[PDB]
Amino acid sequence: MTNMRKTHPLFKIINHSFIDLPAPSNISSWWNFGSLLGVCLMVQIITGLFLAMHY
Amino acid sequence: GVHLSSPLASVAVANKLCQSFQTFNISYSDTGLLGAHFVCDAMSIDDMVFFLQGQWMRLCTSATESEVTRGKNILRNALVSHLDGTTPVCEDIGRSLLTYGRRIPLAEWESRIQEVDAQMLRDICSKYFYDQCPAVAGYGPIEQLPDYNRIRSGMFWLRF
Amino acid sequence: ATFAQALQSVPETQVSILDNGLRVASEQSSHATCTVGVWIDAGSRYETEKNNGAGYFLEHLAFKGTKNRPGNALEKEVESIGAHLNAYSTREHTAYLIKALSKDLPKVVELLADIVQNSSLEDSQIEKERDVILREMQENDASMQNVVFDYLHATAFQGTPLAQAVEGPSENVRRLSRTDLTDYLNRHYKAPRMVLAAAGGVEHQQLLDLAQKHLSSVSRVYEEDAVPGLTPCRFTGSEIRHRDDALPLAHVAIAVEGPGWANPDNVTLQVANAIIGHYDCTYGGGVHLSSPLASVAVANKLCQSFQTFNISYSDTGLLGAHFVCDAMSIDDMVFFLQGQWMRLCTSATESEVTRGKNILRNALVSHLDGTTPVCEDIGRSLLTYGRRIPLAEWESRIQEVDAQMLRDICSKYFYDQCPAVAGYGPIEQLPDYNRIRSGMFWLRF
Amino acid sequence: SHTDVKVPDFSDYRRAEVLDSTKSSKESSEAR
Amino acid sequence: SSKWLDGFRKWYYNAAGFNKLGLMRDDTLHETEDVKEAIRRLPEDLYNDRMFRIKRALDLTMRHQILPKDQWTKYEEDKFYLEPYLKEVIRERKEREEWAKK
Amino acid sequence: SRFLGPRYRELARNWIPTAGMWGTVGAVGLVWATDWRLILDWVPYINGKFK
Amino acid sequence: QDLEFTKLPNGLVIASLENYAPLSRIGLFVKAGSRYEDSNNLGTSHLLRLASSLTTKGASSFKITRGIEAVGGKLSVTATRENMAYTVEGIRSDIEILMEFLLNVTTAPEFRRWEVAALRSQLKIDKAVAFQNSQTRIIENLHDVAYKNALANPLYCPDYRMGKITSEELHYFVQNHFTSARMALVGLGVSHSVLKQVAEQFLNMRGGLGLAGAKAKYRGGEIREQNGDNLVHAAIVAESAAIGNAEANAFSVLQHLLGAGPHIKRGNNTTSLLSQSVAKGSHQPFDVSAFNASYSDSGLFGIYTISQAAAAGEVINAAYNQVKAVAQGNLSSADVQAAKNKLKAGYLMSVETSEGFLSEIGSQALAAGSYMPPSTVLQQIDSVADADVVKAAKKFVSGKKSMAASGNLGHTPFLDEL
Amino acid sequence: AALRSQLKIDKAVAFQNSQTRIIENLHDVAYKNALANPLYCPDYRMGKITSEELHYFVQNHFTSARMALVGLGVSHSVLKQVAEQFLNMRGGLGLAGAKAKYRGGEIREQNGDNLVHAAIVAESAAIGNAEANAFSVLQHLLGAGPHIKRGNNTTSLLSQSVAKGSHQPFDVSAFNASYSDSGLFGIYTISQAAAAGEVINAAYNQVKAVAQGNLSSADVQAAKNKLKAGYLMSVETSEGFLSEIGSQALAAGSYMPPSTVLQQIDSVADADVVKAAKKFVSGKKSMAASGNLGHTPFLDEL
Amino acid sequence: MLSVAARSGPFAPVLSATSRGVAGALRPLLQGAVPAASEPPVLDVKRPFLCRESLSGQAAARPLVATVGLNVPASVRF
Amino acid sequence: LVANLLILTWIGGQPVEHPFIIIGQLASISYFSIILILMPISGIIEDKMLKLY
């Protein structure tokens, strides 16, 4: 038996980047804006993909 | 070695994770502490926690009749080899008359062990282990010891 | 009294020539002891692949008994007078030297002459010493840096008489007999290829008189009127790898073609080798070492040791470095050593130039302190240069070396040149020849 | 022993100016 | 005079805010290479005290709170513990730079 | 003042010819890539193609 | 010119010989060997020997290393169980700052905690490199089993003491043993005037007698290290005279009579009595010699044998029986004269190099305070008689033994069946 | 090859406590051969023990004449069948041994422990001797361990003698170890670094007083009662009973009842105890010491 | 002849320990290098004995017994 | 600085007239002066006030 999360290569990259990442415990709401920018980029990609589907 | 019948011990030998681990069931008047204590290095605490919790939930969800028979034989050997000796016999007499109010005989213990099967093991393990808030005590280089929320997330499974 | 005045106060060496052409030289000092040695132009460069170990057998068998002193009588006389008798053989030179007191000079000279010209080679001694060289070659391959130096010589001078080692192969050791040894003795032990060098409390007139007494008409005749010529040896850039992963450490030597004995650029290359330097784990310098390669090595825990060498033979040589390091740092040491070499090639600065000059001055004087190294320098200097270069002349050349000269000579001998690589041990991470050469140039000069 | 290691013949791979082992290099390395 | 400057320094020390978290000036110094050398040159007890003060400050900032006014560190009791180690590290670095320049 | 000193001055003096030759390389590459008239109508051969 | 001595009234000895050598060469000799530690500060001498390039009160570690390597000189520490020597070498032009660095290192060390904490790993590396040779292991085990308190302290720090040597212990050792009455300043190629001036203005702070070390006590016995090597090393010694004695000279003559190393490369050692006695009945390779180590408290004389695992008993018994025959009186005056000539040649060949001459003057200045010329030493060696050699061999035979053995000790004999 | 790492780990765990290393060193300096071989593999032999060496050891020492098959809770007939089915293909008496010659001497291991462990022993009787029984009675007279948790060891002569002139944590006892051909009797002291000499000298003086004859018959009877009780609680556990009957089957070849064992223990006299103490006093000494040995005395200083 | 080098010929660098704190201009023969020595295993520390009551019983009184097992911890009996 | 960025957004709002000429010019000059000159000088005097050199 092995730990698949930190054994599988893509899974261990995801785990070391986003899951088991040691983050500072005291970062305020100002540190949410990087993920907000990423989510905004994904939303823009999807919405503009549909706009170019009909544009 | 790696060919140990205990899967936690087998994976501990295979991945060289912990120095040692043991399981305890300490009982007091309508209460107790039931769980596992392990000594490991600073770079294997999360792996040992993950594997021990995975074995606990394998017992909770998918219990096997052959391994339950193995554990019953182990437990019978444990009680009788403990009760071999006058001072453990006297110790068990004192504990039995102070706790149960009577001395539970070896025949009664064997009858209860024979009553134990895989289904009620699954039910009791699901009652006491599954989705229960644990008590965690760490001493030493315990930086890799996971967060309490991660320990709770190990205490429930998303496949069951 | 400054450095130049002290160097002038170092006494001069008197050189004289006998009737047969043997060169007798001496340096007189205030020491109560002396050392006297015979240097012979003989070795692996003269051995012709059929008598490949002949000089090594003669070095073994010179002290085992002569015609005048059979058996162990020579050892008894030397140990009775209290002398230390030593011998060695490089690829070009063979030396038999005696360290003794000043009053034992006639006996030392007579014993040296008896060793040189009247060696007795009995077949029982041939067989016993054949076993002795077999055991010593086993112990030599037990040592690890000698293996790498032999591999570097073989892969750098392959197809030429400088590829073969001093000992020669084991099959040659087993098959060559007394006739081949006597042929080598009667070919390469002529009078014009011998220097009787003395250092210490020795009088030049007494040494000359004793040379006329004993070392007169040593051979003087080739017996075939066929003088062997020393042809040039072709240097080829190449790479030899003896991979054996069970060994604990890895030995890697990287060298290029050197100028030779007679070139004046040896001073500049020695200055550059002093700038790069040497290091091992015993040194307590730490991170504050002046040499950038050793500073990087102690900062990154890269190597166990490294050294820079400049080996010279007749119009050829090996100029480079050799390092002992773990299997997980060979690429880093090759990269850093090549970077230091090309930093000297391109942007060597005056501060490290004068640091290397001071290091070279201290190294030369520290080596030439002592009767045995003084005699070794006298014999080697007469065999190679034809004269004994004084320390004043060495210092004049050192002062002639400056930064622009150093970078010019380093660009001539290092920049964009094909090297010779000899790896031994766990050398998997040791880069291939293409990457080593690509490190042996820069894309920005 | 390590001295028994002989680098084999490369004359079927060497260049024309490098074939002669008696003739030295560095007057043809620039040309190559 | 010096008294007015000391009073205005006290007012700035209150206005800075790291005294409310139990920190010190050497605790709130930014970790450059020289500063990291100073922390590695610190003794064991001062290292443990500094790391615990930093941990408590991080916990207080996470909870968006401060220490009680009793437990605020005072301007007179602000120990300058990293100052000699930092000065020695700067002196050694300046010596190294001068030797590299010459 | 880290880069101001005699050793750095003479290192810079060694690196002036190489940096100048690299600047010449970049300038010649820029003219060749852009087909610059203001330079390329002075060399003898390349004058032919512009007519 | 000639060597000249002075004694500065704080107890210091200043030695100078202006021979106009191209390299000035100055050593400072301290009676601060490993014998001056006790059970609570073992390895302080090792860390002090490896701590010669640290920050000092007047020069940083970076300044010391970069200045010495910039002027091309060298700084080395040569330490034995009695003494330590701090030696600087360099051109006469840079000898002023070389003396400045040397006296700063020897007199005013900062001994910071982080620097010695970095030096501890280098200490472990140095111990492992030194024990790559089994001779050092055998000799230190021999000292440990032979002595009780003073000279039983090893030259290298113990593995348990690695990590627990403190800057306080180093400071205590330096302040208690680096004292002017226990130091000598020797220079070659330097002027006596400038040597006196630098000694005066770097040696005006410590002037006591220093901490008096305990007298060495003999215990004897055997210790064996089973390590399965093909070659068995065995040193069998006994208590001998202290250094500076006519009986010590007799012990040295006996050592060179029995064989004290090889004179001919790949020789047979045909005049060494131990080599002859072993070779009379041994066909496998061996190496037998006489070991002699004298210190101002006491001495150790015995036999060192490297042999095969199977032939170790024969080699040891043959060497011991040869020494017993010498003690009984089986020796010749020609052999004694050859031993004397070998000893004189070895002493003069030690003197003839600058390192050996500097060490000789430093040790003589420490032990006696007055220079003893080589001619008088040769005269004393000539004045050693054969009866004194017989007495020394009888002393070694009768005295109780210390054995240090290592190898495949299945056939190595013990002390009680020797 | 995979097991030799476990061999290293097992030796490290065994050498966690200092008593194992002390008594291994004690046997090493007490014997020339055949008992000075360490119970754990040496570090140089780690990585070099081979399958053919294991096979040679098994085929030379695992024979039928050097074996005893004991069983509690099984039928003698079934044990006979399994013995005749598995154990008829072994040779005979096998290799003899090397008689375990004595050497004496000492070693001292300075390792900077807070406590100094010192064992000083001498040659004694082997298994099967009334002298060995006297040595066991002498060991229980001198103190072979505590009978009371956190006790003062009132009847322990060495504990009383050390506590008479010390005020530091200490633990002194009598060490007895008999074998097929030789024995070791002596004193084991765990003391402070500064008081190690006083503790060892007090223990040795107590044993010398016992050898001179400063002992009472009541204390001898108490020692015999302690020995009888210790033997009976050793036989009490079924594992200990199996070990005892198997050791008796290997050594004597016949089973001696516990009544006979207590009878011979009672047959031990006090003059035999005095003779055993005199033998330990006059015998050559083997000393193993470890700790901070700045004040631990040597063997000639005792 | 009052020196260790002048008295012990071949035993001079064995009786003497030389370390160059600053590397010289000339390197010596046999530079030396450790062959990457291994480490003892990281293992639990035993409790100390700071009182006589806990110290009592720690003195060995019986010969060694080494017990190993398939699933029982290895024990050392004194 | 944030307030000046708000002023600059506003001035980009209304067209280029009076007094938006001088308001935008002073806003840009103050923006560059704060982000280049004023902040490091404030940091320097802040370190001096905290007694760092």
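Numbering starts at 1 and runs along the chain as it is shown here.
Structure method, as recorded: electron microscopy, 3.3 Å.
The backbone N, Cα and C atoms fix where each Cβ goes, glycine too.
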According to Swiss-Prot, of the residues H:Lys48, H:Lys149, H:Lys164, the one annotated as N6-acetyllysine is H:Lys48
Among H:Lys99, H:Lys228, H:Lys278, residue that the record in Swiss-Prot marks as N6-acetyllysine:
H:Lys99
May I ask you to report the DSSP-based helix, strand or coil state of H:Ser217 (phosphoserine)?
helix
Can you check which residues sit near H:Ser217 (phosphoserine), meaning Cβ under 8 Å from its Cβ, same chain, 6 or more apart in sequence, and list them in order?
H:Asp270
Could you give the Cα-Cα distance between H:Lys48 (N6-acetyllysine) and H:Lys99 (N6-acetyllysine), in whole Å?
27
Three-state secondary structure, H:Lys48 (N6-acetyllysine) (per DSSP):
coil
Once near-sequence residues are set aside, which residues in the chain of H:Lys99 (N6-acetyllysine), 6 or more away, have Cβ atoms under 8 Å from its Cβ?
H:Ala34, H:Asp181
